[PDB]
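> Fold the following and give me the result.
(one chain, ligands or ions: 1)
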Amino acid sequence: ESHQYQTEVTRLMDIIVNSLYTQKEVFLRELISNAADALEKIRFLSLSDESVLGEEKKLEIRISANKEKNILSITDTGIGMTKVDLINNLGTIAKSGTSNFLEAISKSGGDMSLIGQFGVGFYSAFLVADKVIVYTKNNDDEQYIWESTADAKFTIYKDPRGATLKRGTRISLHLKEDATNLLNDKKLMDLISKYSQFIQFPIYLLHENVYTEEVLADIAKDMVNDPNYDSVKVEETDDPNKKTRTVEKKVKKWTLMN
Ligand SMILES: CO[C@H]1[C@@H](OC)C[C@H](C)[C@@H](OC)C2=CC(=O)C=C(NC(=O)/C(C)=C/C=C\[C@H](C)[C@@H](OC(N)=O)/C(C)=C/[C@@H]1C)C2=O
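Residues are numbered from 1 along each chain as shown. Have a look at this structure:
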């Protein structure tokens, strides 16, 4: 880690948070935009040589939430990043003084609408998350992890698990108790619909599906064991004459949002 980066990013985070705490939900517009840019870079190269896709022929954005772990993930099958691209790019942020432009914008009553164009849109994740773990894999390198904290502290290292992404970037956000509503189905759907206006690539959301049916009491007990479902809720009854139960089978599935 660099001291210049820790000072700049603290400022970027401070200004972005101070300006957009009433519009916190715009971090998703930025991450979808970044994902779309990473996809266009690998899509553009595939027109010259379709061998860049390799085993990963999917060109899309995937949004999923882990309500238990309080994590929201934004994955894309884009170009991905090399250790060099990551270190060099973080180096340009540190010595650019974009925070100065933003400070001046904020003090003048301007909006944070240029954070994307400036290349600092990523730091908007700190409006809703106190830690951001980026998993990335580019054809020309190994899979790396880039962890970022709300105190401008970061770390870059090789993924022990290996190339679990094949190609692209995964952005995991450890949400603040302050912004847990972003793990909700209705909220994410509303936000994705809103922020996927000029997006050329498909966006998929992993959301809950419920399959309800009447089952004979003895079979209902066996259905709890079905591992093809995340959970199986079986009706409780104090009535010993009841030969049947209402069973709710819950499984998360991918739905195209655009
Ligand atoms: C080779 O292009 C890389 C990247 O070089 C490492 C581009 C540069 C950082 C820069 O252009 C000069 C930006 C290109 C962008 O598209 C967006 C930016 N905005 C950001 O806030 C940051 C810090 C993005 C960084 C990584 C992001 C999580 C990445 O997002 C995803 N999903 O891969 C990202 C934008 C990686 C792109 C594809 C850039 O700086």
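> From here on, just use CA atoms for contacts and neighbour counts.
OK.
> Enumerate every residue touching residue 148.
131, 132, 133, 154, 155 (C-alpha atoms under 8 Å, 6 or more residues apart in numbering).
> Can you verify the third one is assigned to a strand?
Yes. The assignment for residue 133, made by DSSP: H, G, I helix; E, B strand; the rest coil, places it in a strand.
> hmm, which of the contacts of residue 148 are the buried ones?
131, 132, 133, 154 (16 or more other C-alpha atoms under 10 Å).
> for the spatially closest residue to the last one that is not a sequence neighbour, which residues make a bridge with it?
Same thing as residue 154. Nearest residue to residue 154, sequence neighbours excluded (C-alpha to C-alpha, 6 or more residues apart in numbering): residue 148, at 4.4 Å. Counting by DSSP bridges, residue 148 forms beta bridges with residue 132, residue 154.
> Let me see the backbone angles for residue 250.
phi -110, psi 130 (degrees, to the nearest 10).
> What count of nearby residues applies to it?
Residues contacting residue 250 under the criterion other C-alpha atoms under 10 Å number 17.
> same deal with the one 5 residues further on?
Applying the criterion other C-alpha under 10 Å, we find 13 residues in the vicinity of residue 255.
> Wasn't it part of a helix?
No. Assessed with three-state DSSP, residue 255 is strand; it does not lie in a helix.
> what does the chain have sitting close to the ligand?
Contact residues (C-alpha under 6 Å from any ligand atom) of the chain with the ligand: 34-35, 37-38, 80-81, 85-86, 89, 119-122, 169.
> May I see the buried ones among the contacts of residue 148 arranged in CSV, with distance to residue 215 as well?
Shown next, in CSV, are the buried ones among the contacts of residue 148 (distance: C-alpha to C-alpha, whole Å):
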residue, distance to residue 215
131, 44
132, 44
133, 43
154, 52
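> and of those, the nearest to residue 4?
residue 154 (12.6 Å; C-alpha to C-alpha).
> Going along the chain, name the strands of the stretch 51-200 of the chain.
Using DSSP state E, counting those that start in this stretch, the strands assigned to the stretch 51-200 of the chain run over residues 61-66, 71-76, 129-137, 143-149, 154-158, 168-175.
> Please report the number of neighbouring residues for residue 123.
Residue 123 has 24 nearby residues by other C-alpha under 10 Å.
> In this structure residue 116 contacts residue 28, no?
No. Residue 116 is not in contact with residue 28 according to C-alpha atoms under 8 Å; the separation is 11.7 Å.
> of the two, who's got more company?
residue 28 (22 against 16).
> so how far is the ligand from that one?
Counting by C-alpha to the nearest ligand atom, to the nearest Å, the gap between residue 28 and the ligand amounts to 12 Å.
> same deal with residue 4?
Distance of residue 4 to the ligand, computed by C-alpha to the nearest ligand atom: 15 Å.
> Residue 10 versus that residue, what's the distance?
Applying C-alpha to C-alpha, to the nearest Å, the value for residue 4 to residue 10 is 10 Å.
> So for these two, which residue has more residues nearby?
The residue with more neighbours, out of residue 4 and residue 10, is residue 10; 17 against 13, by other C-alpha under 10 Å.
> Count the residues that sit near the spatially closest residue to the more buried one that is not a sequence neighbour.
Closest residue to residue 10 apart from its sequence neighbours, by C-alpha to C-alpha, 6+ apart: residue 152 at 5.5 Å. Other residues within reach of residue 152, judged by other C-alpha under 10 Å, total 20.
> contacting residues for residue 152?
Contacts of residue 152 (C-alpha under 8 Å, 6+ apart): 5, 6, 7, 9, 10.
> from those, which single one is nearest the ligand?
Within the contacts of residue 152, the smallest distance to the ligand is 10.2 Å, found for residue 9 (C-alpha to the nearest ligand atom).
> doesn't residue 94 make contact with that closest one?
Yes. Judged on C-alpha under 8 Å, residue 9 makes contact with residue 94 at a distance of 7.5 Å.
> Compare those two (neighbour count), which wins?
For residue 9 versus residue 94, the count of surrounding residues by other C-alpha under 10 Å is larger for residue 9: 24 against 18.
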